[PDB]
Structures are given as C-alpha cells and as structure tokens.
Amino acid sequence: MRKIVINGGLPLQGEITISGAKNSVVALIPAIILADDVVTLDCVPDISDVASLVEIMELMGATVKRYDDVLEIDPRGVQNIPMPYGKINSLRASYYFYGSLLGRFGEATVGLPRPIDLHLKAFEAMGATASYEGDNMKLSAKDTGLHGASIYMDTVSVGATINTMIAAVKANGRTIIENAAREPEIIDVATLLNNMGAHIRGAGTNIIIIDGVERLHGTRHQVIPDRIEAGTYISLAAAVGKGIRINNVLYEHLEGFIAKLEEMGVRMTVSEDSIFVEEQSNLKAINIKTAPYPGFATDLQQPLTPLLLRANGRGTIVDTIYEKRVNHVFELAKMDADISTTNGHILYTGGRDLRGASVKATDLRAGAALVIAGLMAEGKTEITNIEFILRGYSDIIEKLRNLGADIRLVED
C-alpha cells in the first residue's frame, strides 16, 4: 500500500494550474447529445469519470477526439439505445443522461440495481412519466414531446436543477425553475447551452427561466475550474509558499472564501484568471461557518484549517452542512496542533509550530489538510490511505514537487 512522505519547513515557489470542475464536466458531456453538430470542450480534467463518460458516449454512437485537455464530441451518430446498469453504476451523476435523452429522443431506458425522486418530480411536470418493468426504468415523454412548466424545487438540488434545465432547452414552451441551486456548475452548463443556441435566463439565481427551442447547433466551451481545488492550493500557497501564482482560477466563484482570507490579512494580487499569493505574515484568526453557495463551501473548511493554525489568535469552525466533518481534527492534533472538538464546533488556537507524524487520511478534503500541514510541520510526515487523494487532486505530487516541496510517493 502506497503512502505520502513529506519533509516540511521548505518555502514553496512557482506556478500551479487548477484542473477542470468534476461536477461541471459530468453534466456538459451528456448535454452535448442535444447538439446537431460537434461540440468542443476545453480545460477538461483527466479523471476516471471523464474516461467513463467517453466510453458511454462511444457505446451510444458518439465519436470522441481526446487530446491535451480537449474533448471533441460528435453527437450526430448517437442512437436511442438502453443504458446497461453495469456501465453506469460506476458513474457519479449518470442521471444527467436522463434529461439529455429526453430532450433528444423523448425517452430513455435505464437499468436499475432517494434523491432521484426530485428529478422525476420535475420531469413529471414536463409531461414525462416513468414506467417500471423488471430491472428497468423508462422515462417517457408525451407524443408531443416535453413541455414547459412552473417547477418549484422543494429541496435545493444541484443535480435536479441541471437535469431539469437540460431537458427544458429543447422542450415546448417556457420552463420556470424556482428555488434553484446557485452553484457555479449551474452557470457553466447554462453557458454551454446558451452558446449552442438555447434561451436560458437567471442562471446563478434562485429563478431560472428557459424558453424551449427546436434545434441546437454546435459550439466550443471552456470548462470552469474546480473552485474547491483552487481554494485548496490558495490555502496551501498562503501557508507555506513564498511566491506562488495559482493559474486557471475564477475569483468570482470563491467570493465567500476570498472574503475570509482578507479578514485574516492574506495578501494577494488578482489578474486575468489567475491569483498570485505573496509570502504571508501576521495572520489573524477568524471564525468559519459553512453555508450553501455563495456561502463558505463545506469542502473548504478542512483545507483552510492548517492556514488558520498559521494565524494568531483563536477561532471557531462550524459546519452547518455536515455537523460531523471533524475527522481531520484528531490527526492534526497528532502533529502538535492546538485543535479540538466539542459538540459540532471545531476549536483552534493557531500560532505554534507543527511537528511531523504518521497520520491517516480519513476523507478527501481532510487528507488535503494533512498535506498542507505536512508541508508546514518540521520533520517527516507520513500519510497513509491516500489513494482517493491522488484521484481528488490530479497530478498533485508532481504539482507540489514543481513548487519546491519535498513530497514523495512511496509504495510500501
């Protein structure tokens, strides 16, 4: 079993590039099926989910050219065929094919082995009912096709919002989505569709209005950066770096995260789609309270924690999304960090230097914190159970080594 060995204390310096948003690309790819021509995607992350999606597109009749970070997909040869369960079960959001095939063919036969009910509830309003026979579900629209409807999301859902929006652009009439998700991935998908010739308004707000169109042409879209991976490296560069420029990062997708950094005293210049983090000193301890977008992302409270340990004073970290996301606390405490837990609150007192130890990555974002803390601590830090970290952050070991860090993979 492999592990990450880190000798910290060294100042980091150089350039680093953020990969494409995973949560966005999984919706962009199946949405291409609606197009009548080739659609090109730029800045596509090289992850297992993308590779899996490409195989499915190819199995349904789509030709795909893959090179650099670019995906050229021709959806013209896509056939209306059922999707086998043994090919879609390994997918994150395979339900994004639902709204895709509904707008394209008016039906979708899916294999079965509940947050998916909100998707169906929206499809129901658009005249699409789901039949169940054996181990298969077939979403079938009316003979006239999908039609617009006033949909109020009883629960804020990123998936249900996107899936509804995908099936709405090629429907008949006006579709209004109230209480919709405001996440950046919603805007990214809507941007792709609008550039294909759709009519989407209010993307990014609580009210999205879609005016259906008959045909959709091709276009070229650039996938938005992973805002979480961005905030991870920004927190890293501020903690141990002395001059790191984070490339391919949208400042407008980290409004809440940036505001908290400025409260600490984090100095940084912003130009183009990049952020240059200077060498930090005299940081102030702040309080963190996670919230739905554009609130403080719950997937950023852990990678920010080591930077808070660099700060001076005491603060409090509260996660309203996941009240039990504290599996990083004990591991950081093993590195001589003044961090503890009570109820749901995460107490911390930054200021004192950390010491290298043998820690285990419990989850993805927690392990990212251990890496940052590993670069801070004096001595050697060995992190076990890191297979999901290497998948969460593509080429992370090489990226940090190019920053001047003594990070290394050891297959034990």
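By the method listed in its record, X-ray crystallography, this PDB entry was determined to a resolution of 2.900 Å.

Caption draft 1: Geometry of the overall build of the protein. If you tally the helices and strands in the protein, you get 14 helices and 23 strands. For a compact globule of 412 residues, the expected C-alpha radius of gyration is about 22 Å, and the protein comes in at 23 Å, within 12% of that figure. Projected onto its principal axes, the C-alpha coordinates of the protein cover approximately 70 × 45 × 40 Å. Out of the 412 residues belonging to the protein, those deemed buried represent 53%. Carbon and sulfur atoms make up 45% of the accessible area of the protein, which amounts to about 17700 Å² in all. Looking at the protein, you have 40 positive and 51 negative side-chain charges, and the mean spots of the two groups are 3 Å apart.

Caption draft 2: Highlighting the pattern of salt bridges. In the structure shown here, the tally under the stated rule is 19 salt bridges. Close ionic contact of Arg220 with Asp42 constitutes a salt bridge, the shortest N to O distance being 2.7 Å. Judged by relative accessible area, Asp42 falls into the buried class, the value being 15%. Each member of the salt-bridge network shares a partner with another, and the members are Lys3, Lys380 and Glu382.

Caption draft 3: Just the packing of aromatic side chains, in detail. Under the counting rule described, the total for this entry stands at three aromatic pairs. Ring geometry for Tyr233 versus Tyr393: centroids 6.0 Å apart, planes at 55°, classification tilted. In this pair, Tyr233 is assigned in helix α8 (residues 227–240) and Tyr393 in the loop between α13 (387–392) and α14 (396–401), connecting sequence segments 160 residues apart. The interplanar angle of 40° and the centroid separation of 6.2 Å between the aromatic rings of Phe257 and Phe296 together place this pair among those described as tilted. Separated by 39 residues along the polypeptide, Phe257 in helix α9 (residues 255–264) and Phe296 in the loop between β17 (288–289) and α10 (301–310) bring together distant segments of the chain.

Caption draft 4: Region of the structure containing empty space enclosed by the protein. Taken as a whole, the largest cavity spans an internal volume of roughly 70 Å³. Around the largest cavity sit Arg227, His253, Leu254, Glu255, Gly256, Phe257, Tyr293, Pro294, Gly295, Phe296, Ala297 and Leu300, which together line it. Of the residues forming the lining of the largest cavity, the biggest block, three residues, is contributed by α9. A per-class count over the lining of the largest cavity returns seven nonpolar, three polar and two charged. If you add up the space inside the second largest cavity, you get close to 30 Å³. Around the second largest cavity, the lining residues are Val26, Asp49, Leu53, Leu91, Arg92, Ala93 and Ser94.

Caption draft 5: Representation of the domain arrangement of the protein in the model. Examined at the domain level, the protein breaks down into domain 1 (1–18 + 225–412) and domain 2 (21–223). Computed from C-alpha coordinates alone, the two centres of domain 1 and domain 2 are separated by 34 Å. Facing eight residues of domain 1, the contacting portion of domain 2 comprises nine residues. Summed over both partners, the interface of domain 1 with domain 2 comes to about 770 Å²; 54% of that surface belongs to carbon and sulfur atoms. Its largest share of buried area at the contact with domain 2, domain 1 owes to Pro225, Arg227 and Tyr293, together 46% of the area lost on that side. Applying the counting rule to domain 1 against domain 2 returns one salt bridge. Residue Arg227 pairs with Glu185 through a salt bridge whose shortest N-O separation is 3.8 Å. Linking domain 1 to domain 2 there are zero residue pairs in polar contact. Considering only residue class, the side of domain 1 that touches domain 2 consists of three nonpolar, two polar and three charged.

Caption draft 6: Focus on the environment of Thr17. Among the secondary structure elements, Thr17 is positioned in strand β2 (residues 12–17). Take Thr17: its relative accessible area is 38%, and that puts it in the partly exposed class. Distance from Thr17 to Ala62, taken between C-alpha atoms, is 30 Å for residues 45 residues apart in sequence. If near-sequence neighbours (up to four positions away) are discounted, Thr17 is found in contact with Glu229, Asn247, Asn248 and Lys399.

Conventions used here
- Residues numbered from 1 in each chain as written, not as in the entry; some residues may be left out.
- Heavy atoms only, no water.
- Helix = DSSP H or I, 4+ residues; strand = E, 2+ residues; numbered from the N terminus.
- Rg over C-alpha atoms; globule rule 2.2 N^0.38 Å.
- Buried < 20%, exposed > 50% of the residue type's maximum accessible area, 1.4 Å probe, protein only.
- Areas by Shrake-Rupley, 256 points an atom, 1.4 Å probe, with all protein chains shown as cover.
- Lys, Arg positive; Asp, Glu negative; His and termini not counted.
- Charge placed at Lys NZ, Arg CZ, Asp CG, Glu CD.
- Salt bridge = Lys/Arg side-chain N within 4 Å of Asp/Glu carboxyl O.
- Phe/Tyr/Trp six-rings, centres within 6.5 Å; stacked < 30°, edge-to-face > 60°.
- 1 Å grid on protein atoms, 1.4 Å probe; cavity = no way out; pocket = protein on both sides within 12 Å on 5 of 7 lines; lining within 4 Å.
- Points joined across faces, edges and corners; volume = space filled by probe spheres on them.
- Nonpolar A, V, L, I, M, F, W, Y, C, P; charged D, E, K, R; others polar.
- Domains from an automatic or database assignment.
- Contact = heavy atoms within 4.5 Å.
- Buried area = accessible area lost by both parts, 1.4 Å probe.
- Polar contact = N/O pair within 3.5 Å; in protein donor to acceptor, adjacent residues only side chain to side chain.

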